[PDB]
Asker: 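One structure, pasted below without further comment.
Read the numbers this way: they start at 1 and go in the same order the structure lists the ligands and their atoms. Quick note: residue numbers are just sequence positions, from 1.
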Amino acid sequence: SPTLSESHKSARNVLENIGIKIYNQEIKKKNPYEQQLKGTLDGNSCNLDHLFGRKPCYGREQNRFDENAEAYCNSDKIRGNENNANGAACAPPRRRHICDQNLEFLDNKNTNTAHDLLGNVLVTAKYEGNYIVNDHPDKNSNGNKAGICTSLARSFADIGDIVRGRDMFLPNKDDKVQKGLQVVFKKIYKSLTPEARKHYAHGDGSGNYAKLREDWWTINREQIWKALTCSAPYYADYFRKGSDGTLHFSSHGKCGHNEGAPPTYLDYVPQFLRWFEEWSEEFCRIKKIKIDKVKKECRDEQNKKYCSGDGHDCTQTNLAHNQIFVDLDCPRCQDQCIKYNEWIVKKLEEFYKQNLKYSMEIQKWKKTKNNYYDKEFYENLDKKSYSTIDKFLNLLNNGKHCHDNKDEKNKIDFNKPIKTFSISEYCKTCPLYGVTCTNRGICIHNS
Ligand code: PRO
Ligand SMILES: [Mg+2]
């Protein structure tokens with residue numbers, strides 16, 4: 001079972017465990033004004049009227065999970081990414097095409113209360129969840145589709161960052177979702193009782209919109225998770241492990257849709273860390289798909305096919321005597337190897353960029369005297385071994401998709417980029433003295 005065997009030291013598990021502590025600190029202090037921010041309105045029913053302008057997925061590209069769906073690591077669309085810095089956060093394709101379109105229509109005479117905003121956010125969650133569930137790579141698995149619940153937790157976390165104004169992705173120069181949200185949140189603040197207005201106020205009397213949006217999220221996150229999981233398959237639950245290996249899980253399917261408190265705390269994990277963890281999992285998952293396509297064009301021992309990356313037929317090639325034989329099937333190995341190497345080269349660059357950004361986020365924590373929303377989280381990473389990039393890279397190695405390689409040669413190790421981002425073994429130059437393939441269906445190295 002990949003679900004049950006996932007390391008208690010996977011980045012997802014370690015980050016979720018710090019996320020729990022952050023969430024706990026945040027809900028420790030009583031907020032007397034909670035109710036003023038409280039909003040009142042395989043797969044199953046998604047009617048919002050039963051269990052509680054424009055639509056959410058319009059204009060958005062689908063195929064978010066395709067092997068060639070690209071991450072965005074450049075500067076114009078990411079806050080904090082600049083052309084003068086190699087260090088960069090990578091917005092995953094799941095984020096890039098998120099179903100947030102309805103939130104671009106919040107600046108209107110109708111959207112004025114916490115209930116009006118919740119309505120819109122539940123509509124976003126329902127649709128985003130519907131897309132994830134209906135296009136997920138595990139949609140047709142015969143096991144409990146835990147993988148879908150994980151992708152939903154990742155979108156739930158991005159939605160929370162959009163709602164809170166912490167999200168780093170800038171879809172275009174207009175920033176309509178954010179501008180709409182700041183208008184709705186100004187109305188909500190004005191609509192509060194004077195005593196609540198002072199609780200959400202800076203020293204100078206001006207509105208503390210950052211704190212107001214944080215508490216709004218915290219207060220409504222449970223209903224938002226319920227909407228997000230409306231279409232979640234019945235036989236799908238969220239699973240996570242504690243530091244001691246204790247298994248934590250939703251109990252009634254649909255990723256905890258019917259259970260109240262969300263089973264996830266990813267919405268309390270810094271966005272950059274969540275994106276890098278998804279980058280690594282999706283890299284390892286996609287790499288397996290790409291290696292298999294390279295193998296079908298390069299090596300088929302049973303059918304006497306043994307090619308090299310140079311398109312040589314290893315069954316008729318002897319590099320030691322300088323005897324090269326290029327048949328008509330092996331040039332296709334060359335073409336698949338060229339294509340695989342371009343993807344690997346692009347992933348290596350994305351990897352170094354996030355590697356640098358990680359160091360920068362850790363350094364920002366060490367040097368920052370003043371407070372910020374991500375400070376306590378980075379304090380906790382430091383308390384554990386994770387101030388070292390090497391210790392954080394071990395967590396990426398431990399991921400569900402990344403750790404799953406029983407073969408010693410092709411084991412994922414982010415601390416050894418040369419081995420992790422190398423050419424496929426099926427692309428290596430012919431063994432020196434050639435290969436002999438028997439009728440048995442196995443090819444042996446000559447001499
Ligand atoms: O991101 C960059 O290019 C440099 C190197 C690490 C800190 N800033
Ligand atoms: Mg930028």
Side-chain angles (χ1 to χ4, degrees), residues 11 15 59-61 64 69-98 100-101 103-104 154-155 157-182 209-210 213 269-280 283 344-370 372-375 377-379 381-382 385-396 413-418 420-421:
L15 302 163
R60 278 107 186 98
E61 297 178 43
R64 300 205 218 162
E70 340 84 277
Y72 180 94
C73 312
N74 300 328
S75 55
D76 310 330
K77 304 199 169 86
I78 289 170
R79 319 168 164 92
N81 282 8
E82 293 309 331
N83 290 136
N84 61 15
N86 292 295
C90 291
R94 185 208 34 82
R95 168 71 190 88
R96 288 182 83 169
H97 320 296
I98 226 168
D100 69 344
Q101 215 254 143
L103 306 188
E104 299 186 34
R154 291 177 174 142
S155 281
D158 282 341
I159 288 158
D161 286 347
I162 294 159
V163 166
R164 291 170 299 187
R166 294 172 180 185
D167 173 81
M168 287 180 270
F169 191 69
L170 184 59
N172 52 51
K173 65 168 197 71
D174 300 321
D175 217 11
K176 280 175 183 183
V177 172
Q178 289 307 313
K179 294 185 191 288
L181 283 163
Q182 50 201 75
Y209 297 103
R213 295 214 237 174
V269 176
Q271 185 171 65
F272 164 71
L273 297 175
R274 294 195 319 249
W275 292 350
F276 195 6
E277 180 278 340
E278 185 175 0
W279 177 92
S280 68
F283 161 69
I344 274 289
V345 157
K346 183 181 161 71
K347 286 286 152 189
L348 178 57
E349 174 169 291
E350 288 178 2
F351 171 75
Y352 288 143
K353 287 180 148 108
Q354 288 171 290
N355 186 313
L356 288 163
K357 191 63 169 182
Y358 184 81
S359 178
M360 289 163 75
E361 295 301 275
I362 284 295
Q363 289 311 119
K364 170 188 75 170
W365 171 74
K366 267 155 165 68
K367 294 187 93 183
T368 303
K369 297 107 95 285
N370 58 272
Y372 59 97
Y373 54 87
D374 287 341
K375 204 183 197 181
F377 198 102
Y378 285 103
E379 241 125 61
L381 277 173
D382 175 79
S385 53
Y386 326 110
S387 265
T388 317
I389 174 65
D390 313 57
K391 307 291 161 169
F392 182 83
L393 293 177
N394 294 156
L395 301 187
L396 300 179
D413 187 1
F414 293 113
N415 289 129
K416 289 195 170 291
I418 287 327
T420 311
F421 305 88

Asker: Between the side chains of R274 and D161, is the shortest nitrogen-to-carboxylate-oxygen separation below 4.0 Å, so that they form an ion pair?
Answerer: yes
Asker: What pairs with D175 under salt bridge (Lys or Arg N to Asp or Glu O under 4.0 Å), at least two apart in sequence or on another chain?
Answerer: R79
Asker: Provide the protein N, O or S atoms situated under 2.8 Å from the Mg ion (ligand 2); waters are not included.
Answerer: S75 O, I78 O, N81 O
Asker: Parallel, tilted or perpendicular for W279 and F283, by the 30°/60° rule?
Answerer: parallel
Asker: Where is the tightest heavy-atom contact between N83 and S75, given as atom of each residue plus distance?
Answerer: ND2-OG, 2.8 Å
Asker: For ligand 1, output the ligand-protein N/O contacts shorter than 3.5 angstrom; if there are none, return none.
Answerer:
unit_1	atom_1	unit_2	atom_2	d
ligand 1	1 (O)	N86	N	3.3
ligand 1	1 (O)	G87	N	2.8
ligand 1	3 (O)	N86	N	2.6
ligand 1	3 (O)	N86	ND2	3.3

Asker: Just say parallel, tilted or perpendicular for the rings of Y72 and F169, cut-offs at 30° and 60°.
Answerer: perpendicular
Asker: Would you mind telling me which of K346, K347, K353 makes a salt bridge (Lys or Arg N to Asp or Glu O under 4.0 Å) with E349?
Answerer: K353
Asker: Output all residues satisfying ring pair (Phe, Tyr, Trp, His ring centres under 6.0 Å) with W365, sequence neighbours left out; order by chain, then residue number.
Answerer: none
Asker: Salt bridge check: are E104 and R60 linked by an N-O gap of less than 4.0 Å?
Answerer: yes
Asker: Would you please classify the geometry between the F392 ring and the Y358 ring as parallel, tilted or perpendicular, with 30° and 60° separating the classes?
Answerer: parallel
